[PDB]
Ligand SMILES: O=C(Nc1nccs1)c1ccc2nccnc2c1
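The chain below stands alone and is given in structure tokens; this is the form solved without the named molecule.
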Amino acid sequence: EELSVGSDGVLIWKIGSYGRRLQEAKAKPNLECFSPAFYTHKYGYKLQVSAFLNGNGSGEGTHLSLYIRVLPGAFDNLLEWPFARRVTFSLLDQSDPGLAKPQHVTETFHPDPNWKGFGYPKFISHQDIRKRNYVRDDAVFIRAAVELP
């Protein structure tokens, strides 16, 4: 049933219990949270997003770090390699879009033809993550959008 996660493909990953998990990551460095595996598209690349709530590399103790990696997929033999699709990360601001226009935290990159962990050691600092509604009901939304040709 985890092959049953094919998308647009946009993944929205909800990390609930933010406070507790952040705490566990401070006490335990390189503690990595994982998104579900997802398909960029039906019969396409299998990807997975990972986060460091208390940072990784240049970001440890001060930032959230965000990465994406390729998983072995059933349909890998049918696909173009290396993986070359545009990837966009967003930490969502959870405000009512009819009430206030949300200011999402966002970056986009073209895949580097060497690995496919790829991403941002400093995606957002702990100080910024406490603004607006990035944390709401003790959860955060990470969005990963992969552009289909």
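Heads up, when I say rigid core I mean the largest set of C-alphas that superpose within 1.5 Å between the two forms. Note that residue numbering follows the sequence shown and begins at 1. Residues that one form lacks are left out of the comparison.
The discussion below concerns the form deposited with the named molecule bound, not included here.
The partner is absent here; in the deposited bound form, the one residue of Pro29, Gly117, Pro102, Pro82 having a heavy atom within 4.5 Å of the named molecule is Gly117. Here the marked residues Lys14, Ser17 and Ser35 all miss the named molecule in the deposited bound form; none has a heavy atom within 4.5 angstroms. Taking non-hydrogen atoms only, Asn54 never approaches the named molecule to within 4.5 angstroms in the deposited bound form. Although the partner is absent here, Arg69 sits close enough that one of its heavy atoms falls within 4.5 Å of the named molecule in the deposited bound form. In the deposited bound form, the named molecule sits within 4.5 Å of a heavy atom belonging to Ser50. Counting a residue when any of its non-hydrogen atoms is within 4.5 Å of the named molecule in the deposited bound form, there are no hits in 121 to 149. Taken over residues common to both forms, the rigid core alignment between the shown form and the other one yields 1 to 6, 114 to 116 as runs of three or more consecutive residues whose Cα atoms shift by 2 Å or more.
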